[PDB]
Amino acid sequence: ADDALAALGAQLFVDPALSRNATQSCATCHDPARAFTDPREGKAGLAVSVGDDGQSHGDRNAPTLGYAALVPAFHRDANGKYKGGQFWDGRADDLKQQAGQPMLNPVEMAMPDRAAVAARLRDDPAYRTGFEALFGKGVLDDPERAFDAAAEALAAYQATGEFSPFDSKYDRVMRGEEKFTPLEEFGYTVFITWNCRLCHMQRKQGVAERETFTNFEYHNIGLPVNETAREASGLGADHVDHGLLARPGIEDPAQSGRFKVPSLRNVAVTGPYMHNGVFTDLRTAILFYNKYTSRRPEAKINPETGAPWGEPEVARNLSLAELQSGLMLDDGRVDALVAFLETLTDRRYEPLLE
């Protein structure tokens, strides 16, 4: 039944009937063959995703769905730091509150309202059988019950072993099953002794039972606008993506420009990087951090463009304490970090590494 529920969500996840013109499904943008992300090329590369209308582009990179089941529900913890939720800006409380939003989003799946979704579900004999067997008879005749029920099944699907296998190289090495190379182990060592582990580790101290390389916090690391992505999103050159402050109910101006710490699981295979796909190479993502630490002129230059990285989209709320560590990553250290981050690739996605 928890099994049935998830099995029902597996049908919906790949069903283009959930979009307005039936040209797309969740799996369109979160492709199981590419670690549940978008392999498609739009006007701003793979930085942003094209919606159901074949024209509209969003303003943010589509993250993996892998391991998002482990993310706790949205909440401010006792040190006053907001934690968890879903979307890069946390504006959904959890996987259930999230699942309806792509459906109704005009630049994504673009259904006109809950009733329309219910009409699409009611038109399929397997959904009538599957839904009423779990949520009771007439569920699909009520827009709210139906839509709510479709969210429930999608979330349950996402919380199964297929989305979170824990069978990467890093996992087998922590189970004693094998050994890092020299280069890989150097990388881990660099990861847990340099500032990364202040953000991309579940716990501050102690061992995590199910590590996802994210403490679920929100941080502004001072990324620039993605010029082209922003041009394609059509949101206007006067727009500012305020991150977590944009969540309704958040009024603290200190939250402007802050975005949830992504999990580095499968990171090698989910580029381009960051909330606005600004960087295509994993090497570049890592080297961006050097700009707060390094004195060499080359650290002021984005190696993918040849130019200065660019000013922060939101110049306030930088996490300078964590970012100003006072130690630069040489290339030998960047190489190792890449190598180790590659070991967070799930088994099934190791073929992609090349």
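Note that residue numbering begins at 1 and tracks the sequence as displayed.
Which is higher on mean Cα B factor in this entry, 304 to 312 or 56 to 64?
In the deposited entry, the stretch with the higher C-alpha B-factor mean is 304 to 312.
Tell me which stretch has the larger mean Cα B-factor in this entry, 87 to 95 or 138 to 146.
Per the deposited B-factors, the answer is 138 to 146.
Can you pull the Cα B-factors for 195, 129, 105, 270 from the entry and say which is highest?
If I rank 195, 129, 105, 270 by C-alpha B-factor, first place goes to 129.
Quick check on the deposited entry: does the C-alpha B-factor of residue 206 sit in the lowest, middle or highest third of its chain?
Its C-alpha B-factor belongs to the highest third of this chain's values.
How does the C-alpha B factor of residue 154 compare with the rest of the chain: lowest, middle or highest third?
It belongs to the lowest third of the chain when residues are ordered by C-alpha B-factor.
Relative to the other modelled residues of the same chain, rank the CA B-factor of residue 28 and answer lowest, middle or highest third.
Within its chain, residue 28 is a lowest-third residue by C-alpha B-factor, going by the deposited values.
In terms of the CA temperature factor given in the entry, to which third of its chain does residue 258 belong: lowest, middle or highest?
For residue 258, whose C-alpha B-factor we compare with every modelled residue in the chain, the answer is the middle third.
Taking the entry's C-alpha B-factors for this chain, is residue 238 in the lowest, middle or highest third?
Ranked within chain, residue 238 CA B lands in the highest tercile.
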